[PDB]
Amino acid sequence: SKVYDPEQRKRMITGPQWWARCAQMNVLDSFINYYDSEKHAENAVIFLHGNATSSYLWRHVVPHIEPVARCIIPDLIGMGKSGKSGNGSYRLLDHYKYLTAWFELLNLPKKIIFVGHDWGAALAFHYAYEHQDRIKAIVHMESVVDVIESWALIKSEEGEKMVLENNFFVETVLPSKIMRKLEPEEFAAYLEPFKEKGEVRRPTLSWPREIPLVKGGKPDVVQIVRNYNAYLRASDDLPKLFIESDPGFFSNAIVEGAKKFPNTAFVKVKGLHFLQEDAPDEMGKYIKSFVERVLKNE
């Protein structure tokens, strides 16, 4: 049985409160909603959420890192309070198109630090592969580290029903993979972008449909993941931090995959999948110390 954190309401940040702290920037034919801590712009730490969530996910993690580096946190296209995709497509490369265009408008330093979760990690990994000179360090967790060989309906018409009609990922999966019980306002912040039925929920269906299954998975995504996996396995000069979820959720293949990447520090924190909601401060402190060590080592 899940229970509320009894100290959490006193520091709760509602959706409206978070969105009031964000800015909007035009990007290609749309716009991106994002948080930007602004100060210490000699460095940039870019935090990337994955399916079902938004920049809101990182709200209690980022304050720990802000004093060491500029922190930038987008809502991915079609998610959070960001604009929608010009053609209504939300595959990995659609997200990447808008993300990379946004990066060009941010006045980033030559080398950037990424923090990725879920498909947010895949975006960071793909960016790294295609910009090998622009990466200072990478932190990842519950991430798309490799293709899946070992261990249908979502891709079927029922999947459209499950998600567009029944909101499966936001209303069934999300709360099931948080160990605590979310405050009502906190869940409401995740529901808001996807409160209405139909096409507005597309990104939450398109993400799982990108799954890099060798047998049956989108061939272009399988190749993207193979490519960045090989690069990451050879990236001895690239410092990495892997945050392992305890107990996690079916997370063993993530951990063994993560261990194939050289120059990785390993830490562990409480959680299932959305560990930011169960151990944000522990995560923030680990990330802070890692970043500090990376910058001193330079």
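All residue numbers are counted from 1 along the displayed sequence.
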Practice prompt. Would you mind checking whether any residues of the deposited sequence sit unmodelled between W151 and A152, and how many (none, 1 to 3, 4 to 9, 10 or more)?
Written response: 10 or more
Fill in: Selected stretch [higher average CA B-factor]: 22-30 or 228-236
22-30
Worksheet item: So 250-258 or 269-277, which one's hotter by mean CA B-factor in the entry?
Response: 250-258
Discussion item. Highest recorded C-alpha temperature factor, please, choosing from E142, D75, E199, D220.
Written reply: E199
Worksheet item: Taking the Cα B-factors listed in the entry, which of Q132, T204, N87, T100 comes out highest?
Response: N87
Worksheet item: Thinking about Cα B factors across the chain, which third does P63 belong to?
Response: middle
Practice prompt. Classify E104 as lowest, middle or highest third according to the C-alpha B-factor given in the PDB entry, relative to its own chain.
Written response: highest
Fill in: Third of chain Cα B-factors occupied by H49
lowest
Worksheet entry | Record-listed C-alpha B factor of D94: chain third | lowest
Response to the item:
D118: CA B-factor among chain residues, third -> lowest
